[PDB]
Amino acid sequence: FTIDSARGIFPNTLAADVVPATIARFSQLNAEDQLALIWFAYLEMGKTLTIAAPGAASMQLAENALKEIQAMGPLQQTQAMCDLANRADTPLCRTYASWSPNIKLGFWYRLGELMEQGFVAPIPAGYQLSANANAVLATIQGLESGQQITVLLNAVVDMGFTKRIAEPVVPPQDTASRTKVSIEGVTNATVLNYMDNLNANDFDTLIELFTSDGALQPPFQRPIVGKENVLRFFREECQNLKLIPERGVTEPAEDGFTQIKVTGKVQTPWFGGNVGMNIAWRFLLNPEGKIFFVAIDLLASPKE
């Protein structure tokens, strides 16, 4: 069997496909409505949830692009933000496209602050969203917080126009300091080592758990295949998570493989303990215990 056929394991896991549905609707909107909608969502979410500050290295990497926009006159600033949302082919859009998700997020965090302050052209006063756009924002505001932040993440990542620029890799947590997870029902060493090395930012140890051709599938994305690609993903995108697995189930699979599904919560360093996303992991392990495939799913509700 293939990586792609393995996507079908635990086929009855209830993934939150309202998230990609909602991003698809969002993507249909006119660019100015896209930007206003996110401005509205950001302002209202900010009443009860504060975004962590972007890292210093991140801000340094986005600094030249931010300066360029801040130096523009107001009509030109608005046009540059529209170019990003439209995925137009421009130098700024190409630069944005070369960035990891964290750098893109930190770029918009800083523009958000500047718009609140009046230093970068704000959404026009009294702006009203289009018919479709107001419905999309209603949908977003009805979602669990973990689903809301995932919609915003995808909206930010999808902007710009397609060299890879990412933050420096943090040193792994010192061995003495590491905590170990406990999962009801699951003593599988590979699963436990996966969770514990990821919580420690120990990506060189983590990648060693994979088969050479192994894949990792993030929520709502295609599998990332092979150790080179999966390690790059870990280093660019997977730093400083907190995985909090709760319970699991272990079953035999074809050809002497084992499949394990674990559910629990995950926190992103952008929100710390203020947002706990509901997550399932679905592992397919070969006979030696190596990870041939792991999918990470955002779940439809805690009921999942």
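We number the residues from 1 along the sequence you see.
Engineer: What is the count, as a class, of unmodelled deposited residues between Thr179 and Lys180: none, 1 to 3, 4 to 9, or 10 or more?
Structural biologist: Per the deposited record, the segment joining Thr179 and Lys180 has no missing residues.
Engineer: Give the stretch, out of 256-264 and 45-53, with the larger mean C-alpha temperature factor in the deposited entry.
Structural biologist: That would be 45-53.
Engineer: Name the higher of the two by mean Cα B-factor in the PDB entry, 89-97 versus 134-142.
Structural biologist: So the stretch with the higher mean C-alpha B-factor is 89-97.
Engineer: Select one of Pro218, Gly126, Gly214, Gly112: the residue whose C-alpha shows the highest B-factor in the crystal structure entry.
Structural biologist: Most elevated C-alpha B-factor of the set, per the entry: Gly126.
Engineer: Which one of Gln147, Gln117, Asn229, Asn193 shows the top CA temperature factor in the record?
Structural biologist: Among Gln147, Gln117, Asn229, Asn193, the highest C-alpha B-factor in the entry belongs to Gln117.
Engineer: Where does the C-alpha B-factor of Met277 rank in its chain, lowest, middle or highest third?
Structural biologist: Lowest third - that is where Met277 ends up once the chain's C-alpha B-factors are sorted.
Engineer: Can you tell me which third, lowest, middle or highest, the CA B-factor of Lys242 falls into for its chain?
Structural biologist: Answer is lowest: the recorded C-alpha B-factor places it there.
Engineer: Quick check on the deposited entry: does the C-alpha B-factor of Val19 sit in the lowest, middle or highest third of its chain?
Structural biologist: For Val19, whose C-alpha B-factor we compare with every modelled residue in the chain, the answer is the lowest third.
Engineer: Using the B-factor values recorded in the entry, state whether the Cα atom of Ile9 falls in the lowest, middle or highest third among the modelled residues of its chain.
Structural biologist: Highest third - that is where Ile9 ends up once the chain's C-alpha B-factors are sorted.
Engineer: What third of the chain, by the recorded C-alpha B-factor, contains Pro223?
Structural biologist: Bottom third by C-alpha B-factor.
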